[PDB]
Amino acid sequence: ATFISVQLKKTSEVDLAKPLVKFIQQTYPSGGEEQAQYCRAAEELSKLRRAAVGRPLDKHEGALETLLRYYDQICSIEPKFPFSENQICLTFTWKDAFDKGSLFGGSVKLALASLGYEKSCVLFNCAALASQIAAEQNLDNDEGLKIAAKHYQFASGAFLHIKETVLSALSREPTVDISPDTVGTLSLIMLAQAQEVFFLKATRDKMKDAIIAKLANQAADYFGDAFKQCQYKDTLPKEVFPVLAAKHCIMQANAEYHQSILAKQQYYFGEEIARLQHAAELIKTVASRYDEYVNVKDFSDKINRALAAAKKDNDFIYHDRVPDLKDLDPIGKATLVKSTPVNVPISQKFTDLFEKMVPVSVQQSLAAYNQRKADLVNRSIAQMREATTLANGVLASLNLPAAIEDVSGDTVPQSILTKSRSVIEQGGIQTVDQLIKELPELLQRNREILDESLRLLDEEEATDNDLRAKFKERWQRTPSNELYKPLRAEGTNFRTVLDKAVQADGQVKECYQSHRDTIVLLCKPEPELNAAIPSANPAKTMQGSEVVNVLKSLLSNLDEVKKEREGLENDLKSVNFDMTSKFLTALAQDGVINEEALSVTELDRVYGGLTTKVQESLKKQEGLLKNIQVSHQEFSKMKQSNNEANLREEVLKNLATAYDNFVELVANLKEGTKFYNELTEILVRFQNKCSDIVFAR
């Protein structure tokens, strides 16, 4: 007994293991287990492809499950490693199944860099292998029927999922075998053979003829359509066509023979005869034209036995008129069969190797979130610092809070003395002098590291060129020049980072040189400092003066405001939200992840309380600097312009400017120091990367 099956497609073996491992290492921390388990699995994958595909050999469910196991593992991997995004050079090469092309060759191949192409072929082979196992089954047997019926319906569903997946995934024209019309015809043949099987079970289980006639008729309807599809497109092996034709006929005859047992049961004798004659015609034709592909003898002997006896009984006894075919009611149809939907996992006991691996969808989103968090936070920080700077500069340029605390011109105003002690307490000028001294050394330490590193490259390159010049034959490997261009481009970049640092060093140094001497004064013991501040005869309207208490409370409000910026900045920086989860969720319940909208709404939840206040500071400062200047310019009427007070004025203005500068400078110097300190970390790893590559080579 002959059933159609499909042969596997062939593939050249490819390096799955290495292109994948590249991404893995360039995404997680080198030396950790989030780099470990995703290399142990990447190798097990590469092996598993070879075992599933690497040979057209084994012909049972061990090898089918390995294929199925392989299909599910591929499908599971797609949302990880960026395949959709193109920069992975994994190219899959498959050969036509049928040696068919829409061109006059003997074979044709397609090699594509597309996981979608890969997965279709794997599934075709799953379909095909299942077909071969089904065709092999022993059909006089309950497990034979059941295994074939399940495998044909799988093959039919597998081929149909291929029909609806190919053109989208694969962004080329597929080979003829995995082409929609082919794979759609194959799906229907598999469905048909699955009916055949159920028609065979009903026969073996001695079910009612009415039933069997209807199952045979359904099969015949399925085989006819498959036949038609084939009449004007020769895309399948040469044996498919005549087998479809014979099976179509045999199933019409089985339908007619069974319905003929009905007609007899109902004393429709002319109909018995007409239907039997039809069964005889089809089988006679099948026996002579398709003798290579079927054996139909018993059934022929059984038709004729039944027919002679009906004609004996009719001619003598009953005398029933034999109708034309055209006048007979259609035999019904009953399907007991379905194309099996493909839904991973199709393998049993499936386990996902890269289950723990976070999807790319999240990575991109999680990264892009951080660049939006970063803008919002620096945004807010820089705005505030710019403001406090500008407020301090205005208060200095107007001798405040000093002026309104300047009882006589005899002593050190309380605020100036307060600022002084803060400077003395933070170490004084020694702290600024020491940081300025060590800055060129931390610079030099970084130049040292960059040069020694590139020198390694230079020295290895020179000997590599000499060896290739002297031993042309004995020394053939890619030149050092080409291997080193990546590292040498990190190098030229680092250089530019250093060019920027130097200029910044310049800025701090000039400001340091421009303000040293006034700071040194500020740091002097209180009576010593008072001696260097010129005395003046005070403008004595400064007892209960109303213009004073307005400035006084106004400066308190300005003080409040700027002191508050400090707890704001710190809260802006100390908080954060791990967003992986909110991303994970939107991925599983929705089609895709839209981070923009999802992150905006969460950055408003986490940071909105603080961004509001940051804004309520800037504007509040604006308001305070408005009616501090228009208020001050009135206070200035109470003070008169003479030489002794112009002098004290400037010294006071300049001592306050000095405190501002000491504070700014300490912050700048400690910023430069941490920078040159983090940069050594960057550069040591670069120096290490240079020696590893100069010694691996």
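Here, rigid core means the biggest group of C-alpha atoms that superpose within 1.5 Å across both forms. Numbers follow the displayed sequence, beginning with 1.
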Consider 364 to 372 and 537 to 545 separately and indicate which one has Cα atoms farther, on average, from the shown form in 4 other deposited structures of this protein after rigid core alignment. 537 to 545
Consider 84 to 92 and 179 to 187 separately and indicate which one has Cα atoms farther, on average, from the shown form in 4 other deposited structures of this protein after rigid core alignment. 84 to 92
Would you determine, from the values in the PDB entry, which of 380 to 388 and 195 to 203 has the greater average C-alpha temperature factor? 380 to 388
Residue range whose averaged C-alpha B-factor is higher in the record, 25 to 33 or 39 to 47: 25 to 33
Please pick out which of 226, 358, 148, 522 has the largest Cα B-factor as recorded in the entry. 358
Identity of residue with top Cα B-factor, from 261, 190, 89, 467: 89
Which third of the chain holds residue 106 when residues are ordered by C-alpha B factor: lowest, middle or highest? highest
By the record's CA B-factor, is residue 690 among the lowest, middle or highest third of residues in the chain? middle
Against its chain's modelled residues, does residue 129's Cα B factor rank lowest, middle or highest third? lowest
Taking the C-alpha B-factors as the PDB entry records them, is residue 493 in the lowest, middle or highest third of its chain? middle
Is the Cα B-factor recorded for residue 654 in the lowest, middle or highest third of its chain? lowest
